[PDB]
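Data block below; observations after.
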Amino acid sequence: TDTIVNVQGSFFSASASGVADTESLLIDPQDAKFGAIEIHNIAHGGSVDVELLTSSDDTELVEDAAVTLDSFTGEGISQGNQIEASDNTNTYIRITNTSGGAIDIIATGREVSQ
Amino acid sequence: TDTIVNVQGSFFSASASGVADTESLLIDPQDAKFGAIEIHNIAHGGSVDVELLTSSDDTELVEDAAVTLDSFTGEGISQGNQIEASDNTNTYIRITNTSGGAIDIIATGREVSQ
Amino acid sequence: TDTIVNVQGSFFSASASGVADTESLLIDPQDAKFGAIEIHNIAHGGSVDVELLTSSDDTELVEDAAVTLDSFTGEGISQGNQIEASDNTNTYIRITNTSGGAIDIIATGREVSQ
Amino acid sequence: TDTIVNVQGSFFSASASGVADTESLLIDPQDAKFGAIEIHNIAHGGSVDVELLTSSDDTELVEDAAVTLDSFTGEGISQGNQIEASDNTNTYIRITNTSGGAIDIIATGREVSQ
Amino acid sequence: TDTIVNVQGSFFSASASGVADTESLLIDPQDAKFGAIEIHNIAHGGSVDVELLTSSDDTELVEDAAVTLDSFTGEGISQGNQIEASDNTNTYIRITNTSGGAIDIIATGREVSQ
Amino acid sequence: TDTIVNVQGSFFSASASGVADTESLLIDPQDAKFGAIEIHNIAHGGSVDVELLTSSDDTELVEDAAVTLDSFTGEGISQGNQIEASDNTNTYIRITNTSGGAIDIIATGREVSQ
Amino acid sequence: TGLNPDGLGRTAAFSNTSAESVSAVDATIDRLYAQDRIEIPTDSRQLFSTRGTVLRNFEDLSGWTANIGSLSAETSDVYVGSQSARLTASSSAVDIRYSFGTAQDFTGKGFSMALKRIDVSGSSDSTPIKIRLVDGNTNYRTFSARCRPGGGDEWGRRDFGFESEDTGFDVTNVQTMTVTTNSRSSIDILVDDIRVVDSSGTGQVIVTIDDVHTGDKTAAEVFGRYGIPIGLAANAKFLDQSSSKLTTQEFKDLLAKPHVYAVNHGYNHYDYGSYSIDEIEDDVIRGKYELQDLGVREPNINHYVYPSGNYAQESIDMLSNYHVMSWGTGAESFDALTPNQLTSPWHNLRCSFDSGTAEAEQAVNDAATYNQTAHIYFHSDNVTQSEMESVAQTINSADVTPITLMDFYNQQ
Amino acid sequence: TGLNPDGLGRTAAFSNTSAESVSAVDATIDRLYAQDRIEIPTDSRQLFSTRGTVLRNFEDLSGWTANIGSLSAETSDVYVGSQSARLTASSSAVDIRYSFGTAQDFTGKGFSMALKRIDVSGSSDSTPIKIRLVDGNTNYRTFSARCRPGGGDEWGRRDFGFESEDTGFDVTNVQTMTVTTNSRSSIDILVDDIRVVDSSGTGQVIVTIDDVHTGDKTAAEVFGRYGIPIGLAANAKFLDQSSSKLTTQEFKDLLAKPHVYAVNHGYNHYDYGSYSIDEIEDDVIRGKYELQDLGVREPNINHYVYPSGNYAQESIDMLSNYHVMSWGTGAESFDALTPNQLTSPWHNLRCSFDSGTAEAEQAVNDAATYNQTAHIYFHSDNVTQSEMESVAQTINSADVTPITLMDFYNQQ
Amino acid sequence: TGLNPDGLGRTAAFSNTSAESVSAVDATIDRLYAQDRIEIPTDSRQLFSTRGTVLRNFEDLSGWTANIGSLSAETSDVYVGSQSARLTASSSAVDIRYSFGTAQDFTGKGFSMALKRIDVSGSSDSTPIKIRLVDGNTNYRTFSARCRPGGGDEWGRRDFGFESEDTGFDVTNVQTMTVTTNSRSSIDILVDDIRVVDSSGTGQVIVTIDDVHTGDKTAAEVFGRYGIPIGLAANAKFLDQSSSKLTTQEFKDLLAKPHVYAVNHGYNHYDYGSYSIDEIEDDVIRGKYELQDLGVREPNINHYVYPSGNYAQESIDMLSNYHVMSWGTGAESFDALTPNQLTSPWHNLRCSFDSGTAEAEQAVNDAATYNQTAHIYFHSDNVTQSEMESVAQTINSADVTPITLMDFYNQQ
Ligand SMILES: [Mg+2]
Ligand SMILES: [Mg+2]
Ligand SMILES: [Mg+2]
Ligand SMILES: [Mg+2]
Ligand SMILES: [Mg+2]
Ligand SMILES: [Mg+2]
Ligand SMILES: [Mg+2]
Ligand SMILES: [Mg+2]
Ligand SMILES: [Mg+2]
Ligand SMILES: [Mg+2]
Ligand SMILES: [Mg+2]
Ligand SMILES: [Mg+2]
Ligand SMILES: [Mg+2]
Ligand SMILES: [Mg+2]
Ligand SMILES: [Mg+2]
Ligand SMILES: [Mg+2]
Ligand SMILES: [Mg+2]
Ligand SMILES: [Mg+2]
Ligand SMILES: [Mg+2]
Ligand SMILES: [Mg+2]
Ligand SMILES: [Mg+2]
Ligand SMILES: [Zn+2]
Ligand SMILES: [Zn+2]
Ligand SMILES: [Zn+2]
């Protein structure tokens, strides 16, 4: 039988340094080559709210559905997520600072096919 | 040996903003390209009942078997599901609002082959 | 290197509405295209016993080995299973009603190669 | 990019009805097409000891290394295993009855390449 | 249908013996053939802080975003991680000794496609 | 779309019968066809220390970094590991007897691509 | 993290896990953050049953005279020993009498008896059962308890409250004791094991308020004027339902007062006989955790009060997993009253002052005089402020210590 | 292993799991291996508040005469009832007097009062507050407690230690009682709810040693000579820090002695006001688990001693999740002293003999004479062996039972 | 579900999990369903060691006269203080005497002493050790305990049972105290810390039955005839083994009786010295959980009884993680007997009536007379019904309260 070596699909990340008190990292699957993402890690330099949004617009965020998924307190990593978003389903992930001061946010995961 | 990069299979989502008190998001695998789905995430803007239904009809929901899978209270994400539905087996997932007010529901997952 | 999109293998389900008090859904891997199945979900409309059986006959169930795997009480979903059965190894999964009344049973999973 | 549907690799099972008090099911990876196995499930109709053995002989079990992995009490399923054996590494899995009476044993899993 | 044997994608490791008290192993995804990594294991010969950094520079670490992910105490293994880094997104993982003495650090995982 | 059956990548094992009191099984990824390994199972016939080592030499073990990963007491199986080693990164896994008497050690897992 | 634990099946080494529900056969926890217990380790059902000494044994019925009704040995349905006594009557009371060989001194002794109701019918399906002590001059002191359906369906101990005394009764010169009932068309009740306990301590009062009505605020002020502890028998569902009920903040503010404490009354007041044991168990469990979220902690939340006073051994068995003690309802002075040492923490009643303060005030005066514990209760919608003041002044002026249920159970 | 549990979300059936941290809403455990509790089910804050009976009520201030200072009703900031009393003075003490309608007998009675400090200023931001009993011959017996910032910031009960007595005082013939302070430029303090408790039992002594100095070894020998229990208020971080502190092995060796026990003092001695409540909580939690690893167990490790004696209701609220009882610091005999029945396990002080043994020895003699509990303390670096011996001989020769903190709390 | 918890390593957010075994460092549980504890938070080993007051400290041996044998200071192997006493004899008893400076009154005082056996040899490797009070007329009152291997291998406290009295002994006029042994070829025993406890309360009796023989059914009837509580020292493996043992249903039926309770005796009766500490620990743990499945709950299942009476400090240390109290075996009246206040919950014996009722009946009469607690025991296969009746009638007619082990430990 044929042997093939499987290397895992395209790495995805979004990051922002010095996100101000109530500002946010908008993770947009439009930035993915495949147009969909699965975020595995959220490294949070301080407290954040994670929010999943559907847009009315194909290309810009105009809030339709919005659900606040979870709140993270202090500094650390939310490892082992599968929060998913795509361009065609107009889904965005917003990570909003709640720390009372400037923080670094790094979100990593994988690109998924639409 | 051959090396191949594996990107993960087609993203699927269903969403509804402002689902009224006793209304529901009907997740229909007919909307999938492959005609079957596996829902991983249910982001629930308030309390919901999740229900798995078989239809008597190939194309429309006429309830045959129905099982209420679980109840979610308040706002959050049911991560790590594998609730599965296909068109050919006429399986539907209904997420019904129970909050006493209007909510946003976002369900995400993956398309599966029939 | 080559990029390929991996969509997941064939959806499988078995279902029965209004299974009477001591009757059962017989999940038969003969109904799978690949002739083997892995059940992930059992949605149980009431109490059930799950049972794994080997047949003496290649095509019909004549009980050889039988093990009662687990008992589920009330309504819900047994998510995240890997109960496995194949035609060639003559393995059947029986989900038997124990509710004291008629129930809906939906089992979902994936076809596996023999 | 190319889309491929991935069906999961060859189902494997070993079973025995009415295994007497101190007798055993010998799971032999020589029975696999690929000559190696990964057992995921042990359905045990009563108490069993699971044992991993290396043979001195390429084709028959003549005990070299033997480790008793675990003891299961009563009836049920050991789901979610990855006990592994191959023909070329002469590895066998023995499931030994300890119930004080005759039991049914069904072990299921997947064939793995050597 | 076609049968293929899937061998898992490229092994990645970074290691350092005798890392002094406040020194660090810089895990750089530039050292990966595919230019991205997912660290699964951190074997820590003593206490360490794990830190995820974005660089301003494409090729050298000049700290932009930095998040201290977690602190490990004493000797052991952090198994089951998915901390991810890529060259193109200029992401580095720093494992910093905090033991009060010299330690061995071994990080293992897998290369991922960008 | 194309359907392919995925059989899982090459089985790997290392074993030793009658390992004396302070002796060890050296698991060497040089013995793998692909030159890297991921150990999933350690079946331990008595107490063992597991240790991850980097060599200074490409082909022989001359200890550079060494971390004692974990200690196992008595007889059993450490199932569900992902301890990883490769030839090119000169990584070895040593399982050292600590029982006070002779034991059987069987380690199983999978070959991984470098 | 470490490597995976020893064993077959799904094994996993984790750093941090979160779960809604965890089931374990065994859990080894190095440091436990679990102040909020639902299921309590203590089984109180039979702890107190053997306290004090057996006075009347019923192993020989020769010492007993049936004055009215009839007395026979029960050898098949026995509480304690080789036999128990069947008390039987048709269209009459039962009165059985034991004459002591020598004068007994029962100063500061409290009385308790094992009881099972087989059948009572007529004017009521229930009777007062009375232990009387009679002196050399034929003066009676009466202590009593209730033989009711539900609570009497299985063998259980009653701890007898003082009821009445003839003037000039000499408790140092007791010549005979009597077990007696009211008159009924049919009586069939089993008795065994009369016990004597030391109750020489000061008299005590417990006050409980049921069902979380808005009037609990005025009650807290009134009983506060004399530092009398109030137990709120709390149903957490009732909070914020209507203007007639406390708000959640008002309830938390009341519990912040040094003399107000909460005890469980079930989330939604599910009483025995109206709901299944499973539904009541859920109500009990939910009541417990909801009150724990409101800050009600261990010694307090180990007490329950029966919704509508309804119970049986079935409910006691279920409740014993969650609570150490529970209280029923009655309307007469002796219903409040127990010796200071209980023999059942499950079968004892409380006296209502919803329908007039006289019996409850009588009970408080009797607790002081006869060295007993009076448990009195009300719903604050049924009682006026001037009635609460009458009761609170009665408690202040009497020789009683007002106490919490926690104090009372810790004394046992 | 079985099949996966009922539910949506990630459900999982496991054999054996290992975790660093587990969070669960519900945990059902068939067999629990969790002897090391951090978070205790018992909330002790208000259990003892209603012990004994209310003597002085303050619901009618007509019975009180302001001898010096001034007295007014507080109807908004009330501990108990409809009102409390505001005691107010400018450049003077406050002395308020209640004459009893009939002579009172206070033999073996202990006094407690509810207190809140609004403002004290002048020589100090604190005052002794004194309950005096005065007899027919105008002899005084004084009991006292401290009205301090922090501990007085919110309503809390003080249990009054004996201070002084006039020769020939007749406790059977008390005609009047006084509440009084020292003189200050400004006084504004609220009082309510004077309570009487039974303290007729033998006198008791508790000895604690703070801060784990090397001199605890000589202390253990000296107090050992007379079998007097020592509580080590232990900070686990301090072990092995320096030659001036116990080693870990020395500490374990001390705890192995039948009369030496440990109580929590926080891992790194974080005191109230110097650190946030969150940092102190972490210190408390870590102190608890580190001492548990050293073998300190349940009844012992349920006690805390405030670092530097600093506390407030904020800290008590936090500590009440982890501990049942805590102790502050004072330098005078009455600071050691409480009735044998407490009404607060949180607000009571200990007397130092770091700066001379006189006050502590006085307290021990007074505990014997007046049937009270004396809590005395020291740092073993401040006290010479001859001083420890003086104190230990004083305890041995006095009519006191030397007791553990565990014993003392189990008595409440 | 939420998102995965903070941290590196394998982290997971679950809804519902099932496990056989969970290991956690920290567990935060919002609502705990874990009534069945294996590990208990309470370490009882040293709680009671300092109760009462030290009478003799042995810190100055000048006050002691060696009448027979020899007395020296032990300054390195010390229980309490600077020194302990070495009692040494060759081919003789040791008798050491302390004359009091003034006549002592020991009415209702119970005696306890610290003991370590270095060497005893001759007729036995053990001795009775006697504390012996002498009045002005040279009448003796003897209290005694046993200096045995195992239980005497390390320092431990014995609580001395009444043994004998000379006619006309005046306990108000005690002039001399004596510590004495039986005669042996070699004696080397260390003593320290004689303690006096208040034991003025009523006499008490505890009855235990070992090893779950079928005769426990007739015992339950017989002791039931007087409401005397029985503890079954239960080995859960023995149930259903043979016709000579209780069935599981019979055992559950016995425990459903108000006067029968169970205590742990290890799953399969593994005794100290016959098995390793690890095997005994497994036996103890399995005994606990199997009895918990049979419905034996917390206060009851916190008691253990040593298999075959075998123990040492090693086994006590292990058992203290699981149980609060344990009992050994003896054959003489004083073996039953302790003061009502213990100083060790681990070193006390029980008196057998397997080989005749005389010593046990003597103990019950002595418990009544001298205000002590008698623990008596039997195996129901060794005892005839008329012997059980003799003992039960003796307990009924004596001035004792028959009590549970739970009651007895809650009194300490
Ligand atoms: Mg779009
Ligand atoms: Mg919205
Ligand atoms: Mg589109
Ligand atoms: Mg269809
Ligand atoms: Mg239906
Ligand atoms: Mg079709
Ligand atoms: Mg077939
Ligand atoms: Mg069969
Ligand atoms: Mg075939
Ligand atoms: Mg072979
Ligand atoms: Mg071997
Ligand atoms: Mg070969
Ligand atoms: Mg770059
Ligand atoms: Mg930064
Ligand atoms: Mg670039
Ligand atoms: Mg190499
Ligand atoms: Mg090294
Ligand atoms: Mg190379
Ligand atoms: Mg009877
Ligand atoms: Mg007031
Ligand atoms: Mg000494
Ligand atoms: Zn109610
Ligand atoms: Zn300090
Ligand atoms: Zn035995």
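Residue numbering restarts at 1 for every chain, and letters A, B, ... go by the order of the sequence lines. Every heavy atom of this structure was used, including side-chain atoms; hydrogens, water molecules and symmetry mates were not.
With values rounded to the nearest 0.5 angstrom, A/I106 atom CD1 is found 6.5 Å from E/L53 atom CG. To the nearest 0.5 angstrom, E/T54 atom OG1 is 11.5 Å from A/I105 atom CD1. Within the model, atoms OG of E/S113 and NZ of A/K33 stand 9.5 Å from one another, a figure rounded to the nearest 0.5 Å. Rounded to the nearest 0.5 angstrom, E/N90 CG and A/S13 OG are separated by 9.0 Å.
Interface summary for chain E: among A/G18, A/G9, A/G80, the most heavy-atom pairs under 4.5 angstrom belong to A/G9. When E/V112, E/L52, E/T68, E/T89 are compared by the number of non-hydrogen pairs under 4.5 Å with chain A, E/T68 comes out ahead. No other option in A/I103, A/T1, A/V19 has as many heavy-atom pairs under 4.5 Å with chain E as A/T1. Residue with the most contacts toward chain A among E/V50, E/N88, E/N81, E/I37: E/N81 (heavy-atom pairs, distance under 4.5 Å).
For E/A36 against A/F11, the heavy-atom pair with the smallest separation is CB-CB, 3.9 Å. The minimum heavy-atom distance between A/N41 and E/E84, with the atom names listed, is ND2-OE1, 3.3 Å. Across A/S17 and E/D64, no two heavy atoms sit closer than the pair OG-OD1, 2.7 Å. Summarising the geometry of A/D104 relative to E/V67, their closest heavy-atom pair is O-CG2, 3.5 Å, with the distance given to 0.1 Å. Nearest heavy atoms, A/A43 versus E/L69: CB-CD2, 3.7 Å.
Tested against E/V5 for a side-chain contact (heavy atoms from CB on, under 4.5 Å), the candidates A/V5, A/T3, A/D2, A/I4 yield a single pass: A/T3.
For E/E63, no part lies under 4.5 angstrom from a heavy atom of chain A. Only the backbone of E/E111 comes within contact range of chain A, with at least one heavy atom under 4.5 Å from a heavy atom of that chain. Neither the backbone nor the side chain of E/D70 comes within contact range of chain A; no heavy atom of the residue lies under 4.5 Å from a heavy atom of that chain. Contact of A/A14 with chain E is not made at all, since no heavy-atom distance falls under 4.5 Å.
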### Message
What verdict does the side-chain contact (heavy atoms from CB on, under 4.5 Å) test give for E/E38 and A/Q8, after you've listed the backbone C-alpha separation in whole Å, the side-chain angles of each residue and the deciding distance to 0.1 Å?
### Response
CA-CA 10 Å; E/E38 183 183 58; A/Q8 218 63 18; 6.0 Å; no

